[PDB]
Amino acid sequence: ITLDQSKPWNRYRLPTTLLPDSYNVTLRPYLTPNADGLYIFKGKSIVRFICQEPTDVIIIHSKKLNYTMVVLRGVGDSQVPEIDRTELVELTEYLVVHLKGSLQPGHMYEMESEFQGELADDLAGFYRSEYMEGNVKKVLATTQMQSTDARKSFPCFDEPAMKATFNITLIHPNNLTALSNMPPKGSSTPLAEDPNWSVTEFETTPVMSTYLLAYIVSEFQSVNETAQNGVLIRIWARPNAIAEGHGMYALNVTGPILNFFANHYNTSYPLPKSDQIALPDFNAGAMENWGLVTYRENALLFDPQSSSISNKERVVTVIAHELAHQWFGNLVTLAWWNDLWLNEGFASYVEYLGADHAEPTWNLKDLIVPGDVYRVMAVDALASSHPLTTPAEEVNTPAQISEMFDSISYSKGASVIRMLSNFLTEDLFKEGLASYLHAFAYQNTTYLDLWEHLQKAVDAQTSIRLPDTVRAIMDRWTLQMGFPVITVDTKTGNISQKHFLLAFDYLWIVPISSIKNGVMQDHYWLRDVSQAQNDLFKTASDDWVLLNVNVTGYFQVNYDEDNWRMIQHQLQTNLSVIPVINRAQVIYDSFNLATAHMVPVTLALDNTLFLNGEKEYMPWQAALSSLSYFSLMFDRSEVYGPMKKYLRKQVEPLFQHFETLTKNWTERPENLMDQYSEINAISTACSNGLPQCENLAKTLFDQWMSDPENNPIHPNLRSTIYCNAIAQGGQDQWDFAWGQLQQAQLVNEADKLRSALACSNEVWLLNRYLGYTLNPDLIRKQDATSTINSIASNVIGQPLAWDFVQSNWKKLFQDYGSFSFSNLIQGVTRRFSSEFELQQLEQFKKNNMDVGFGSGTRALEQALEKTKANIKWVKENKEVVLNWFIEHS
């Protein structure tokens, strides 16, 4: 359905003729439904804007708002044109006011409107969340504006670069607390018409993007602390959660992290307070609204009793991430969404800095490697991938904007920034960044503003030298999709680079670390050249070399056979000579190379042989997610049996190691890494049928059922023990776990049960479960997508979920963009390896082509591309893979 752009109201980007100065917004949520089912809110809003250039039309964003139509006033006296007519243009989400005369440049105007909207179970705009306290049902009102939902709350020019000051008022019941970005201005006052309602006015915001606005009406309480910089910190949640002390851990790390960031970047946090609030219904993990940060309960709340170590790492990490946005993205904002990584890439990298400071003994910084680097490479190796910075004119529609919210902007951004930091030295990097923040505070930026400030810092200094300007290096990482594979011929010292695939010509300037028989060598820079030679990369005799120590650069390395064998021999002899992270890398890169058909698949499998004597977290993690792909390809085939037998063989000694160290699973390992390694160990043993593990799970889960009130199972072990107990059992185990889920007060516990229920081997149980997935009384809309994905991951659940998604698609499309919908498509299609399944996917697309795929559109394309690649890969490799596992088991 095309629009003719001759009309500016048919265009997706706002005109540049009018700029907002400030807003007054008054909102009134009605927390009881009217006389059918409907919860609504009422609003009144006034925008003050300046006319930059003459125009006879006023165009602002408005979505799903009903008007009760508008009033235009000149500031003081500028005479003002009369209003001719006023219309809503739905597709493009505009309220359009046609004038009988033109506004004049330099003049200011105020436009006033009253409206009404649904407080939907939407999770977008102004919406309702619900929960239980005792036997009473509670409703609260909350916001999610990013990326373009502000317009769903009140009329505004809803684009990130048009920054304004906001004066917010909330009209709410006497006994409910009203929160916003700023603290309250003075006291609440009774509503004139109805003294049971109160009017709460908030202090003016600093100059700010609309997508950062937040307002909340609830019965929540807080615990509070002042941070070292004088900023007031509060943690808000459900009264029972606060009282049970679930907000304490968040209170411990928040101020310290906020203060760390202010010092590290030499930029003070400008607001008087920063509120953190845990919401029962929320779409993403967390949202960075300036002064009031919103989280899912599982990203904020922590119970040291029933919460996992993973849950705990998730809390500091999400908090750090959200605080980082106070600087990157709030104080300084991207000019437009094609640049999303200037916000998200930065927060994704600095989250690790912040989290490391709050938890210095964890060694978090390493998690960025499996957690960001190798996660995104799988996707960034597609021809359908996109560069960090896409061209502005290619991002227009709301769905295209939501699509920018993918792993490229987050994880590749973080990766590439970690590389930049590493070759600059964070000390130098942070100076450049402080200069960029101070220069651009309360304004917007493009990637070019970033480089120029980094360049300035480099220029002012001597010790660090670059082969080129920061821009020449970074433009190649920023403006072209993908990453190079770097190939080393170890006999001659030839080194080359090639775009890794399943205007700069796909050449990068690549910083290269190396290690020779375990000792550091001089750093090296590969310029943008397809090949070069250096004696750093030449080995003699039995020596070996490894490139990209600690996987600091974003790229993968392939060697000649003989070096590979040397590495392998080293892993058998003393694996400690190789840095633990690079041990993981030899695995990730092996498998990725085998996947892309650039090395025989037996190389990857052979690199798996030493895991025999590996107790460290990361190399196992590398194997697990690498083989995860084989699992997706082969778990329906004859490869599967031998493959499981092999993993049992490899995993067993690690499992025994932990049994002993852990004293019959009574004591938990000391450090985080080792705890992670124990969790992977048990998980792998059970998934693969280690009898000792399956016995453990059955015994423990059985003990739990006979005494529901005391759960015998340590939280770290729960995901694995629940899953396997349910897998081995039947309706009794399932109904028990379901009863636990329905009454569960801790979200972490609920999440573990939700995934475990998806492990049943009975088709009828899984299909019934899918049914529950669409009932909001049973599964909250925010959990529906991940629940369906859990079921799809079950090999027996695969066809159930695929059929369910196809037949429920219309329904699923209206409700459940922002990242879940795309995850649904990706999750159900991961296994398609055959032409028949490919045709199936094509048919699905064709059948639904009318009502589109929305924010999942690009996900569907990548699903198709990958499927095609799987078919070719699976036919080529299955004989070899099968034979290999047979021999080695």
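The first residue of the sequence shown is number 1, and the count goes up from there.
Coordinates are absent for 4 to 9 residues of the deposited sequence placed between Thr68 and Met69.
Per the record, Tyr816 and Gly817 are separated by a gap of 1 to 3 residues from the deposited sequence that were not modelled. Taking the PDB entry as given, 360-368 carries the higher mean Cα B factor of the two stretches 236-244 and 360-368. According to the PDB record, 105-113 carries the higher mean C-alpha B-factor of the two stretches 673-681 and 105-113. Between the residues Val199, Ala540, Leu342, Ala725, it is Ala540 that shows the highest Cα B-factor in the PDB record. Taking the PDB entry at face value, the top CA B factor among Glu403, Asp803, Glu297, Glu159 belongs to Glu403. Per-chain ranking of the deposited C-alpha B factor places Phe836 in the middle third.
In the PDB entry, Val350 places in the middle third of its chain by CA B-factor. Split the chain's modelled residues into thirds by C-alpha temperature factor. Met849 is in the highest one. In the deposited entry, the Cα temperature factor of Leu27 places it in the lowest third of its chain's modelled residues.
Among all modelled residues in this chain, the alpha-carbon of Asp560 has a temperature factor (C-alpha) in the lowest third.
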